[PDB]
Structures are given as structure tokens and as C-alpha cells.
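Read through the structure below, which is laid out as C-alpha cells, and then see the notes.
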Amino acid sequence: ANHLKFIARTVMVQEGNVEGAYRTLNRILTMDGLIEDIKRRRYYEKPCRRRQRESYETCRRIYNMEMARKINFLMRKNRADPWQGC
Amino acid sequence: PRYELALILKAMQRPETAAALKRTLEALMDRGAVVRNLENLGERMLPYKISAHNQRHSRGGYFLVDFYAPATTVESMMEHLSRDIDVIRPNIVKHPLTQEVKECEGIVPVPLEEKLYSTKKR
Amino acid sequence: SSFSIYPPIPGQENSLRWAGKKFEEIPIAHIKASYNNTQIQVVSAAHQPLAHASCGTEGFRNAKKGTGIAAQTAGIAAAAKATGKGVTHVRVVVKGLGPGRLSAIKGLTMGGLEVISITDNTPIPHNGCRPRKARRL
Amino acid sequence: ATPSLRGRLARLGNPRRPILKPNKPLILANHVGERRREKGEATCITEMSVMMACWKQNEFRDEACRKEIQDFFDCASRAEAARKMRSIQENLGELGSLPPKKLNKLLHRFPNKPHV
Amino acid sequence: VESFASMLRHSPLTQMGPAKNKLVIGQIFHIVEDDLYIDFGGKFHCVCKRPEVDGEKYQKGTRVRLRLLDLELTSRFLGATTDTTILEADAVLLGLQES
RNA sequence: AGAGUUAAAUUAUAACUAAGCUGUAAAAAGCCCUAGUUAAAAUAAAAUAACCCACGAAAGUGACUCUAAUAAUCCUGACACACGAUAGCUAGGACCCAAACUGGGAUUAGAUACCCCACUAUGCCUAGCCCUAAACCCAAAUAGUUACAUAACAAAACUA
Ligand SMILES: [Mg+2]
Ligand SMILES: [Mg+2]
Ligand SMILES: [Mg+2]
Ligand SMILES: [Mg+2]
Ligand SMILES: [Mg+2]
Ligand SMILES: [Mg+2]
Ligand SMILES: [Mg+2]
Ligand SMILES: [Mg+2]
Ligand SMILES: [Mg+2]
Ligand SMILES: [Mg+2]
Ligand SMILES: [Mg+2]
Ligand SMILES: [Mg+2]
Ligand SMILES: [Mg+2]
Ligand SMILES: [Mg+2]
Ligand SMILES: [Mg+2]
Ligand SMILES: [Mg+2]
Ligand SMILES: [Mg+2]
Ligand SMILES: [Mg+2]
Ligand SMILES: [Mg+2]
């Protein structure tokens, strides 16, 4: 509002394909959480409720992170087995 | 150097700027301050539009004043810069050269946490 | 071909024109896309309104005007009324998160109008006023 | 990097107050979950709307606009072919990853030890 | 007679120090299509992929040059009492035994 | 705890332009002194950082600046002393926005509810009260050990 206009959350379209520009914008906003934030501010969410969410999210993230880590570590051993029909 | 005065002055011509800086520093020495140095960070377009003294401002001159002052007086100087119509926006910070840098020895890596659960066999 | 996603700052020498105009001189298409309705207003660079079209203006009624189709129809209409007053290129400003966002944009293109830049200015409070309570107690 | 687990859970030893309250214990399971099937949305809606405008304008005589009819048809054919042929390849190829069956087998070959 | 300690102290595996980034010599004892099972003499074999350049020169019995990363691939995962062994070693296949 | 300050929103209020705007699973009622854009004090609340885990005795505390400042050469200890979320009370001031209550609209067999719209006490500031919470990490304080050793579940078992 007091900032200069058009410098922010702005994407310029290339070779006239708009769908792509918009996609890029939406990716920018998804990445910075602006989208989730917008969506979550439609209604209010009482502090305890928010505390609970943050905690659940962080648990969830820890688990996904670690499972992923174990996948990428175990990934080598998916290769065809040498010892078949031993 | 003890306090740092961040001055954003209305953008003006040479003589009037010089005048504003002079009267400002004088006020500082009257609240009992000892002025170490005067730095000029130039005039720029302000990051956003700043409304002060029934004026909506776009550009501004930037200055730093390092000075020592009795703890009591920061409120006084603050009051003074408040009502000067040539100042776009004043601030007084504990001088960043007083705080000294401790040594990051490095990043101590944190091991995954163990024994959060018992040895139960599900 | 060097193509910057970032717009052309005013103080810059930067030379790009669309029909001979600077990036600053191009008209603005404001689009407010809200959950029950989508509104569009094309305006001069100098902020004189050229054209206005909404899903209500387009003769849909209560729930139907929520949908994407409606939004698109408003887009086309807006662009017609706009090209009448002779605006070839327009910079989109999308305000709000709704069912009609994308649709009203590509309706602006469908309706024979050229979109150069598409900006999102959605109110995001940095915590001002408390929004209304949650549904289903 | 994984978020820190130190000090987070409520335990007899921990000095401070809990940060996480996990709903179910944080122990890596020996299988992964099954991929969530994509929610569908209507297809061809744009071509439909264009054809409907063409009709409203020309008073619903089909001879008047053959292009939008034919293109709406073309599109519905591409949505049928899409529904048929995408099911199988989305159900097999995960790209850089493995089908959840293979992951589960791989994870049973090198399981987690909660016990001992 | 040589005390075990004396042997351990002089062995080439003690001489190496940390096994990260060490040039080593290894020998291929098993093959599945592109997979070379290489014994470099430590504990676990490693397994590398047959390179594109001179692919047919790599045969059971061949000798190759390796860059050792980790002597055993091991990690602890969330909720586990002990680490998990892949029962393998981590290496990069360089070329074959320039001689 | 004081004192000072404000970026993003929001609103009084004008200026253009449009007839609608709002609202839902869907409507109605409401508003058209309305809506979009451009300008804007006050008030209130503090995106991101935070995948951090700090401060405080606890309750609590995460916009910015400065001033003052975080007991004990550190065992336990009250009914004594001093504090203590929200709500609530008294008096004065504020009022953007939210909202018990209430009034309208739907829904329903009914609907003194859930859903929609308006609006109040109240949420804010000053001063005084009130002394309660699933004030729960349902795990007393201070030193310790990992020996013996599985009711079950849970956050492993124990000594003084
Ligand atoms: Mg309840
Ligand atoms: Mg503490
Ligand atoms: Mg539970
Ligand atoms: Mg503001
Ligand atoms: Mg007022
Ligand atoms: Mg009505
Ligand atoms: Mg903030
Ligand atoms: Mg102390
Ligand atoms: Mg005591
Ligand atoms: Mg109280
Ligand atoms: Mg109160
Ligand atoms: Mg009162
Ligand atoms: Mg009120
Ligand atoms: Mg309300
Ligand atoms: Mg009623
Ligand atoms: Mg006070
Ligand atoms: Mg509590
Ligand atoms: Mg109790
Ligand atoms: Mg006690």
C-alpha cells in the first residue's frame, strides 16, 4: 500500500502464453506458504488449535523426512538379486 | 562508540540539509552528548512512502551519528527529533560496535534422539 | 534470448514496449476473485476506469456466479467493452483466492485482449483484524 | 536435514515443556502408505462454454457452427482416451520412485528395530 | 610369536586411517548384468555399475581401481535401537588396474 | 515494568465508474447511504523468520527502539507472604474487527441448535477487585544409579 506497485508477486508472461505464467506465479505463492496462509485466514483459528496444528505438522514432517531418508539409503539394494534360487 | 543515531532527513538542497544536521548535532550536545562521528549514506528513494509532518515522502537523505550519551537522555533526544519538521524518521540504537563477535567454532551436528520410546515388542 | 520474469522498474532505462507504450503506461485489469463472485475492472494507467464486468453484471444468479464458467464469461465481456475503448494490452492484478481466478484471466485472453504481466495482490494481513469464527461448532 | 527431536517430547528426564505431542509414537513403520488416487475434475468445460456461446448467438441451429461442435467432440475423445490410458501408466510408473509394493518389500528386507 | 596387537598395528587396513576418499585396488568376484560385485579386501564387497567405456573388459577375476567413500553403509533411523546395515560398502569405480 | 514508534491489512471519508453487492450443499433475509479502482487518520492485532526451542517461579512471553531488570556461595519447608490463563465485577476512556445475548432468514415433526445477516455485553487502555481452569507435561522438590528387573497401557526401571 505504501510500497511501490507491481514489483511484488508479479510474473511477466513469455511469448504470450499465460497459463504458464500463472502456473509460475502459483508455484511462487505455494512455495512461500502465502496460499496456505490466505486459506487459513478465511476463518479464525484459536491459539490452542493452532499450537496443535504446528505440533502435528512438525511430527508429520519428521516422520516423512526420516522415512524418505531411509528410502534413499536403502535404494541401492533394489537391484536384481545375485543369489537367486540359492 | 555508544549510541547510533539513524537519521532519515527530508531530501533537500545543500544549505538546508547542512543546517538541519547542524541544529540536530547541537541539540545532541545540549542533551549532554559527545559526538564521535558523522556519516552520510547518501540520498535514496525511501523503501516505502513515509508520512511525517503532514507530508507524504518518497526520497530521503540518510545519516548516522555515533555518540556517547548519559543513559537518561535518549528519551530527551528522541522527543526533540520527534518534533523537528525536517526529519523524516529518527531512531536511536545501541551502537553495533559495542557488541563484539563471539566465535562460531562451527556447527555442532545433532545426533538423532534416542530412547524416546521403550523396548516394547509390538 | 534473455527473458526476465521480473517486471521493469520505473527508474530504469529499460526498453520494452507494447504498441509503443512503456510498461507503466499499459492499462490494468483488476480482478477480484471471491468465493461467491468474481468482478473485473479495466482501468487506465492513470486510474480512469475504462470497463467493468462482474458475474452478476453478466446475468448469473446466486450460486451459479461462483463457478469458473461464470468468471470466464465476465472476462470475455470485460475484454469486449475494453477493446471498444481501444485497449490492446493489459496487466492483470489478481486480488483474492477464488473459483474464478484463472478462469477470468484466460477469459480476458479469449475475449480478444492481450495479457502481458500477471500480478497477485491478495490482502495478507501481517495480523490486523481478527477474521470471523469457524463453521460447524 | 530432519527437524530436531532433542528436548521435544515430554519425558521424565526432559527439563523443559513439550514441543511436540505426537498422536502416535514416532517409530519408522516397516511399510509405506498407499498412493492417494487423484480427485477428478470436469473436463472439456472450456470447449463446452465456447460451443454454448456459439449456440446462444446463432439460435441453436447446428449447421451454423460446425467448428465448436467438432472441437468439443475432439476434446471429449481426448478425455476418454486420457481416462483409459492414464490409469494404467499412473498405476505403474512412479517416475524416479518405486511402486509401493516394491518399497514395502525393500523395507521388510531391512526393517526397523524398536525392540532389544 | 606375533601378538595380535602387533599384527593389527601394522596391517594395511590400519595403515589407511579413515576410509573416506582413499584410492584402493579391488577385484571383481561376481557379475549380474550391469552390476559388478567388487571385493576390495576390507569386509563387505561393494557393488558398482559397469562403465560405458570398455564394458567387456570387466570380467569375474578382473582387477579395478576404486575410490572408497565408506567402509560400511550404516545409519540409525527414527525409533530404532541399533543401526541398520545395508551389508555393503560405498565406492566409486574409477577405471581398471592401469598396468 | 515503563516510555516512545509502525510495516501489512482494515475503516471514517471524499473522487471517478458500474447496477447491483453479500451470502450458502442450495436459498432466503440483509444492503443498494451498495460495489470495484484511487486516495486516507484513529483503533485493534502483531505474515514470513519458527524445520528455532529461548526467557520467566508459575500463569505466561515470539513487530521495532531505548531505560530499569531476571533472589540465594543455590537442601527440604507452611494454613504465613507475594503472584496467578480465560471468563466476570466496579469506575473512567476507546471501538477497526470479532462476538455470548437478542432480532431477523433458512433448516426441521419441532430447532428456543448446527448454517446466513445485523447488532450488544465483552475482547482494548487506566485504576481497583475477583483467585478459578483438562492452572495436566494428569509424572512433587533436591541429590543420584542403569545395578535387580517386564501385571497391562503409557513417557523404561530404581535408590536416598
Ligand atoms: Mg464445545
Ligand atoms: Mg524454565
Ligand atoms: Mg492419544
Ligand atoms: Mg498502514
Ligand atoms: Mg472512529
Ligand atoms: Mg432478496
Ligand atoms: Mg509481525
Ligand atoms: Mg537466579
Ligand atoms: Mg526453599
Ligand atoms: Mg486473574
Ligand atoms: Mg477484563
Ligand atoms: Mg466500562
Ligand atoms: Mg462493542
Ligand atoms: Mg459478525
Ligand atoms: Mg431464530
Ligand atoms: Mg501500563
Ligand atoms: Mg497451561
Ligand atoms: Mg493434579
Ligand atoms: Mg514441594
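With ideal geometry, Cβ positions are generated from the backbone for all residues, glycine too; neighbour counts draw on all protein chains shown. What follows draws every value from the coordinates through simple rules; no lab data is involved.
Amide H to amide H, which residues 5 or more places from E:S75 or on other chains are under 5 Å from it, using H placed in the peptide plane?
E:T84
Would you kindly derive the ³J(HN,Hα) couplings of region D:2-15 from the backbone phi angles with the Karplus curve 6.51 cos²θ - 1.76 cosθ + 1.60 (θ = phi - 60°), listing them in order in whole Hz, with x for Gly and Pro?
Computed from phi, the couplings for region D:2-15 are 7, x, 5, 9, 6, x, 6, 7, 7, 9, 4, x, 4, x Hz.
Would you work out which of A:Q84, A:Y43, A:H3 lies farthest towards the positive end of the dipole of chain A, given +1 charges on the beta-carbon of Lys and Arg and -1 on that of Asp and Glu, about the Cα centre?
A:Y43
What's the angle, to the nearest 10 degrees (0 to 90), between helix A:47-74's Cα axis and the longest principal axis of chain A?
Roughly 40 degrees between the two axes.
Along its three principal axes, how long is the protein assembly as shown when you only count alpha carbons? Whole Å, largest extent first please.
Between the extreme Cα coordinates on each principal axis of the protein assembly as shown lie 98, 93, 61 Å.
Which whole-Hz couplings ³J(HN,Hα) result when phi for each residue of region E:83-99 is put into the Karplus expression 6.51 cos²θ - 1.76 cosθ + 1.60, θ = phi - 60°, listed in order with x for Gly and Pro?
6, 10, 9, 7, 6, 9, 10, 9, 9, 10, 7, 8, x, 10, 6, 3, 8
Rounded to the nearest 500, what is the 222 nm mean residue ellipticity of chain C from helices alone, with -39500 (n - 2.57) per DSSP H run of 4+ residues and division by all residues?
Numbers: 2 runs with 27 residues, N = 137.
Taken over chain C, the calculation gives -6500 deg cm²/dmol.
Quick check on the exposure proxy: order E:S11, D:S49 from fewest to most C-beta atoms within 10 angstrom. It would help to have the intermediate numbers written out before the result.
Numbers: E:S11 10, D:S49 21.
Lowest count first: E:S11, D:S49.
Rounded to two decimals, what is Rg over Rh for region C:21-93 when you use alpha-carbon atoms and the Kirkwood radius? Intermediate results must be reported in sequence, preceding the final value.
On the way: Rg = 12.5 Å, Rh = 12.3 Å.
Expressed as Rg/Rh, it is 1.01.
Please report the relative contact order for chain E, taking Cα pairs under 8 Å with a sequence separation of at least 6, and give it as a percent rounded to a whole number. Mind dumping the intermediate values first?
On the way: 174 pairs, mean separation 25.8, N = 99.
Here the relative contact order equals 26 percent.
Order of D:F73, E:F44, B:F67, E:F4 from fewest to most other C-beta atoms within 10 Å?
On the way: D:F73 13, E:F44 17, B:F67 22, E:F4 7.
Ordered from fewest to most neighbouring Cβ atoms within 10 Å, D:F73, E:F44, B:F67, E:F4 come out as E:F4, D:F73, E:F44, B:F67.
Could you list, in their original order, any pairs among D:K39/D:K102; A:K77/B:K121; B:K49/C:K95; C:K81/D:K67; D:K101/E:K20 whose Cα atoms are separated by more than 29 Å? Walk me through the intermediate numbers first.
Values: D:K39/D:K102 25 Å; A:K77/B:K121 27 Å; B:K49/C:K95 22 Å; C:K81/D:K67 26 Å; D:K101/E:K20 35 Å.
Those over the limit are D:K101/E:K20.
State to the nearest 20 debye the size of the charge dipole of the protein assembly as shown about its Cα centre, where the only charges are +1 on K and R beta carbons and -1 on D and E beta carbons. Can you show the working numbers first?
Values: 93 positive and 59 negative charges, 563 e Å.
Rounded to the nearest 20 debye, it is 2700 debye.
Starting from the coordinates of the alpha-carbon atoms of chain B, obtain the Kirkwood hydrodynamic radius over all distinct pairs and give the value in Å to one decimal.
On the way: mean 1/r = 0.0577 Å⁻¹.
Roughly 17.3 Å, rounded to one decimal.
Among B:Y68, E:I38, C:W18, flag the residue with its Cα farthest along the positive direction of the charge dipole of the protein assembly as shown, charges on Cβ as +1 for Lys/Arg and -1 for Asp/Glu.
With unit charges placed on the Cβ atoms, the residue in question is B:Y68.
Please report the base-10 log of the normalised intensity I(q)/I(0) for chain D, using a Debye sum with one equal scatterer per alpha carbon and no solvent, at each q in 0.19 (1/Å).
Rounded to two decimals, the profile gives -1.09.
How do E:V32, E:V92, C:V87 rank when sorted from fewest to most other Cβ atoms within 10 Å of their own Cβ? Present the calculation step by step, with values, prior to reporting the outcome.
Working: E:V32 15, E:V92 12, C:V87 22.
Lowest to highest Cβ neighbour count: E:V92, E:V32, C:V87.
Taking each residue in A:78-84, count the Cβ atoms of any other chain within 10 Å of its Cβ, then average. What number comes out? Display every interim value, and only then the final one.
Values: counts 6, 6, 4, 2, 7, 2, 1.
Average per residue, whole number: 4.
Relative contact order (percent) for chain D, with alpha-carbon contacts under 8 angstrom and 6 or more residues of separation?
29
Cβ under 13 Å from C:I26's Cβ, C:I26 left aside: what net charge do those residues give with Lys, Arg +1 and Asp, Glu -1?
Numbers: positive: A:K5, C:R17, C:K21, C:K22, C:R91; negative: C:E24, C:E25, C:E114.
The answer is +2.
Can you give the angle from 0 to 90° between the axis of helix C:101-110 and the longest principal axis of chain C, with both taken from C-alpha atoms, to the nearest 10?
It works out to around 50 degrees.
Just from its helices, what would the mean residue ellipticity at 222 nm be for chain E, if runs of 4 or more DSSP H residues each count -39500 (n - 2.57) and the sum is divided by every residue, rounded to the nearest 500 deg cm²/dmol?
Numbers: 2 runs with 11 residues, N = 99.
Rounded to the nearest 500, the figure is -2500 deg cm²/dmol.
Compute the angle between helix B:74-83 and the longest alpha-carbon principal axis of chain B, please, reported from 0 to 90 degrees and rounded to the nearest 10.
So the inclination is approximately 50 degrees.
Per DSSP H run of n ≥ 4, the term is -39500 (n - 2.57); total these for chain B, divide by its residue number, and report the mean residue ellipticity at 222 nm rounded to 500 deg cm²/dmol. Before the final figure, lay out each step's value.
Details: 2 runs with 27 residues, N = 122.
Roughly -7000 deg cm²/dmol at 222 nm, from the helical runs in chain B.
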